[PDB]
Every structure is written in structure tokens, then in C-alpha cells.
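Below you'll find only one chain, the form deposited in one PDB entry, shown as C-alpha cells.
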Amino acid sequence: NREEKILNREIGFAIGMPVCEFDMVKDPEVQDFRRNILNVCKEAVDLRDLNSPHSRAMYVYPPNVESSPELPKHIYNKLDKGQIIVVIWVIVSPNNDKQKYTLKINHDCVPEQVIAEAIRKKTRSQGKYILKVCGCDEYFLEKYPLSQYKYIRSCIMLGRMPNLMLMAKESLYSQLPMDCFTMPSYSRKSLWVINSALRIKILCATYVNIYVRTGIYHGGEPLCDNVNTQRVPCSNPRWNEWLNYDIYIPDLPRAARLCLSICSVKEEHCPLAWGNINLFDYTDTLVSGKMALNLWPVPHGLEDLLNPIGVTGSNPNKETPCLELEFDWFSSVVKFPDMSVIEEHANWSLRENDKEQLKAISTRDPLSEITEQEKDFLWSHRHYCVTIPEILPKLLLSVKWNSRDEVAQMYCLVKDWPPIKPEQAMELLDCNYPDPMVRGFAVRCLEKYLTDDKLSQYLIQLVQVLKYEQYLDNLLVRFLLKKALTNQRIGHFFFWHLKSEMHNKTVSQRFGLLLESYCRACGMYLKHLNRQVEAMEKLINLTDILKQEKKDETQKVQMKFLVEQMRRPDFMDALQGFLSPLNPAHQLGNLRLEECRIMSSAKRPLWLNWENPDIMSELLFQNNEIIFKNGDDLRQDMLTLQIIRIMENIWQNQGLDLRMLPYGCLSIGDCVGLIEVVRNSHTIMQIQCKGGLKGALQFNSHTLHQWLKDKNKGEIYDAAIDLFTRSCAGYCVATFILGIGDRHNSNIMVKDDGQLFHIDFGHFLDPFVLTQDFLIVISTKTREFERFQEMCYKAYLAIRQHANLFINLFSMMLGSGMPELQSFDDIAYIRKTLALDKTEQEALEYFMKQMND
């Protein structure tokens, strides 16, 4: 059992905690999860080794492609009569002489056709090759049309010219390890005949330093009124009381939970410690007998005396308030009925104006409240609503989940409900819908209609909604794990989104078990991941030192210390030669210390610089730069940049070229993160200072246009201006809709070619002062500003048509501890700025008026 021991050491390093901690967990659900998830592991491995080397090579090097092969009109127009010019590179002699061959080929050609044409053009002086992107580990291994590869479409939009390298397939396959996933060593009754009322005994409490407030909930809604116990003095926290609720035992839905908290009185009621318990365990058994639940500290800004959206389970730290409980015990062990009994009990238990009304209801947004009249209206028309599937969320919200009969009937309706878009299926995965059948339906919709591109695009939200799962073992987690173990690009960010939260002890168990399974089945990539981990490790340590020991020293003294520590051999091995967690296709070779530096003030961010060891680094970027910041929460930045990329995608696929810049930003831990470095970019303040009339002068705004004209002389000029306008327009709309924090001359940046973008998104959801610089680069009363206002109006409209998607994305992110996103009241800001309750012309006038100010 030696290979097993080495693998366990490596998984422990990668996860942070040792694997033997899991073994000591005497929880049946934990060991059952650990064993049962290996089925998904094995499915994924078998799919990897399914087709000899190619299957593995595409697991490790998946195609980075757009979901649709179709080209937007403006993207196709940029082609030369529908064709693209491409440079294919070949390394010939052992001296690595690079020889280039330029081709003009149809944009929809397959990599095989490109290789054929390249060899034809080369010999004018079989299928044993593959195409690599020059300068990074990205391959074109699949028979997609060239233009559908994200890199190629990017080259077509940016006017750059694609530079690919031809590579013998055997050279790549020889670099693929013979992955051996080894099986771990830890693998080898009534049915609500109880026609009664649910009652629970609160026994006593320990580690208390008042009354107990309890309730029965289904997600966020309460199935009956809350029940306060007898106010007892905190000296003797002993109640031994029986609480009876207005709920019949068989009326409890599958996902019924008990939410309790301990409260104090001054008059002034204050929560002290909260807790939540699954009324049914993972085996469908209705809990009975005694139960000790260790409670959790209250989160900041808690409205009520109960935390029902909080995670379920006993606090791992057992030296906390421990509440003792007793659940009724009946004839035998009680279990939730089988779907067959459900169908039996369901089978046992219309005007055109009304149809148009149902359609209009379905059209509304998620946050739009539905009236009780509308709820009963949707319910009385629950069979017609199967013709308009998207209305399913709202319909679900109209169910009385405290009634066995209605729950069974909705179950039947779901067993045959038509599939809906993934965008709309995700909404059914947030905290509003805990019912396992609805969640299964949403996961099935994702599994059938979600390409890996879109899966990557929404991976952060999917990982988040994981936390809303009632049990370790569920369909959503199995789906994500299988996609992660069959596509390494997805598995990279899967692993990192999970690890970045391992510090959160409310999700440590779930995410730790998940990471254990993943790392066990992920293959050789584990080693690579481990390297990344260690690197971050070192960085954190270093930065920690800088923020305490050498906290109050001068820039040059801190710089001397950083160059000293950075030069320690244990440190240099750790931070040289590994993959960029921001993008694993990017190798990071040796550190260029002469180029690393501490970034102005802040939490003392590190600006690091690596050589790019790619054989042809020069044709992409010879130096990669990243900002490691050990100070502030980056989750707000991640969500903002994801939304910006989604908005740019909408505008492109709709026909308005507003080039945004959603640069990379990855949260890797508790307030530790990485940020991409956009080359050839400067803040507006840097522009005004470099252009400062001189030493002892003001810094007027009129100089930005001069700086751009100096950096873009000749025919370039107009181009640059255009770029600047469009990007600017885009970001304006973006920042107005999301309500981003205070902008200023150092929050905004421009590149040497005119592109403008924003950075550091502190707070969102709680008016863009177009400088004279912006308006004069665009030129007040000019055709340029007319086109500018038209762009902005069109972009506002375009983003208003997808309001549901952004509202759902935020709703799903609510689960995260993100401060700027604690309640639906913060999200409502988007419903406000996009004028959802108003009409289209009304919202257009609203935006025009907001933009006049």
C-alpha cells in the first residue's frame, strides 16, 4: 500500500487537509459519499481511456471553441470573402529553426484540412499532425471549423493574424502519462402511515455564555408559524420542552428542514447561535431519537432571529453551543414514499385571455413578486402551463409545499416536463427550489443542453449552488464532477473554486470530500495542481511577512527584503516552472526578478513577471505578468468580470462591436487572489501625470486626446478613436446597470490602441462622469456623439432583454458570503436600473434621461 500512501500525501497537500481526517469521520453519509462518488470517477476514467490516445489528449487539451459555429454579420464581414489568413509554423532541424507558411483558407475549414493545405504549401519547394497555438498549450485536436475556435475568432475580431504550429501527433501523445486511477482503500419500515402532527423536544443546551426559536422550512419559505420555547434563565439552559407545529407529518415535503436558534432578551431580541437540521437523512429516513447539534455563530446583518438559508449540519468545532433534541419514534423506521406511491396518490388526489395572461406572467423576471391571486391562478392552470415551459419556476413558487397532494401532483408534472434552456434551468437551482425532483430536472436540463463552453462560463455559479444541496450525494455534484474529470480545463477552475473556500468551515466537509474524489480521479494533473498550490503558499507567506514584519518600511527597503526572500532557493523552485492558475494553458518559467515589484500601496500587492518558456513565445507574449494580492476579497471582481464578458458576448452575437476587456481574476483562498496584467495599458491618472504641464502645474483633462494622437499617428488615429469610443460606450452601460463603485482617473485605463476598460470593482449595487477627455476623444454636438448615444441605447436595450439571466446569476451567487450581495434587496437594484416593471420605450426614455445628467 505504498502508491496509495504517496497519493494520499499528494491529495492532502493539494486539499490543505489530510485524507485521514475524512477516515476518522464516523458519519454514515460521509463514508457513503466517499464510496459512492467513485462510480462517477470510474465513468470519467473509462471515458478518458475510451479511444486510445486521442480521448486522453482531448481530456487534457480540450478545444477552446464558441458554442455556435455561426459568425455574426460584422465578424464575417471582417473576412476576405469569407476566408481567413493564417500562419502555420514548423520546427525543422534540431536547431529548432522556425519556418512559417502563410495560407488563405476558408474560415470553416477543419484542422485536418488546414494541415493538408499547410503541407501542400510547404512541399512546393498523411494525417499524422495536429495544430497547436503558438505560444501556449492550446491545441486544435477536434474537427471543429477553424473560426469556431475561440483563439481564431478572437484573431478575426482583433484583426491580429493567427500563428499556429504544426506538431507530430506522436510528439504530443508521447507527452501523455499512462494515467492509472487506483481504487481507494476505503471502498473495499413504514411509509407515512403516521397520520399525526410533528413535534420535537428541545432537551438542553451546553457551551452557552434566553429561549430557543424554532421553525419548519422548505428552502426559504416556512411551512408553518415559528415556535418559541419557554424563556429560561441562561444559568440553567434546560428546557426539556415539547414544541408542536401546525403540520401533519405526511404533509412534510421531501426537503423539509428544522431551523432553530438561541435568542436572548433585554424587549430586545438578539440571535446568539443558529442551526439547521434535515428532517430526512440522505437515505430518505425520517429522523427519530436523540440528536446533538452544535450551532454556528450568527452572520453579519441577519434580519430575523433564524438563519434558514444557512448551511445544514453540526458545526465541526464541537466546543460551541450544543443543543440537544428528540424526534418522535413510531412503530418502525419511517421512510419517504417511493415515486410509485407518489404517482398512485397523485392519480388518486380555460380562456384565450387567461392563456395570454399565463404567457405574460411567464415573461416576467424572477424577482418580480407573484400575488396570491396569481399563485392560485397558475395552480388552477397547472396543466396548460406545460405548453409554456419557461413558466415553471413561477409555477413552482405557486405550490403549497405543506400539502402531500399538491407536492405529489407537481412531482408528476415534473416527471414529464419539457426541457428548458440552461439559462432558465439554473434559476431552478438557487435557494428558492430545494425540492430534489425540481433540482433533478434542472440538472437533466443542464446535462442535455449545456455545452462545455457555457459550463465554463457559469462554473462559478454552479459551484456556488452546490452549497444549496441537501445532501453530499446528489445529481448536481455528480454532473459537475463528471464534467470536471472528463474536461481538464473545467477541472482546473472546478478545483480552484472549491479550494478557494476550504477556509470556510461551513462547507469544508462537502468541498473537502469533493476535492478528495476529484484529485483521486483527476490523473497526472494533480502534480501540476500541487505545484501551483505550493507557489501560492510561498506567495502568501511572503506577502504576509510584508504586511506585518516589514509593514511600516520604505518602498526600497521592502523591495530589498522581497528580492532577498524571493531569492531563497526553496522559494525559487516553488515559484518557477508551473501553470498559471489564471489560465493553465500558460506556462510560467523562470522568475524575472528585475521585473517583479510591489505595487504602489494597497495591501502590498505583488506584481510578478515570468518568462514564457513556449518554443514560440515571441509570437504571442514572451513575458507573462500577474498580480498576486493578499488583501481583499476578489469574488466581487470575479463576478463582475464574468458579467462583463457575458455582456460583451451578447453585444457581439447581436451585432454591435463594443470591445470589452474581462481580464482574468481568480480568487484562490481567503481574500487571496490573482489578477491578469493587461500589457500596454495605463490608468487615466498616469496619462495626466506623464502629461502634467510640468513639475509645479495642474493636471488638466484635455491631454488624453493628445496622448492618444501621439500613440496613434496617421491612419491609425481614426481606428484608435473608434475603439476608444466603442469600449467606452460599453463600459458606461455596464457600470450604469451593475451600479459599480466610485470610478476615477485611476479606476479607468486605456491601451496604446485606444481600448478603455475598468479595474478594481470594490462594491456594486449601491451615472458615469464622462470627462471632457472622453467626449473630446470621441470628437458634444457632433455626429460622433450621436453615434455614441446610439451605441449606448442599443447596448442598454440588449442587456435589458437578458435581464432574467443576470438576475438569476446574482440570485445563485447570493449563497456566497459576498458582502455586497446578502439579500434579494441588493439584487433589486438591477431590476431598478433595467426598468423591468416598465415597457421598452419607457426604459429607453429612462436611460436617455439618466444619461443626460
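Quick note: we count residues from 1 along the sequence shown, nothing fancier. Here the rigid core means the biggest group of C-alpha atoms that line up within 1.5 Å when the two forms are laid on top of each other.
Although not depicted, the form deposited in another entry is the subject of the following passage.
In the core-aligned comparison between this form and the one not shown, the C-alpha of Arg567 is the only one from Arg567, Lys603, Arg679, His744 that shifts by 2 Å or more. When two forms of a protein are overlaid on their rigid core, residues whose CA moves 2 Å or more are considered shifted, and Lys713 is not one of them between this form and the one not shown. Superposition of the core reveals a Cα shift of less than 2 Å for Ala360 between this form and the one not shown.
Relative to the superposed core, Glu553 undergoes a Cα shift of 2 Å or more between this form and the one not shown.
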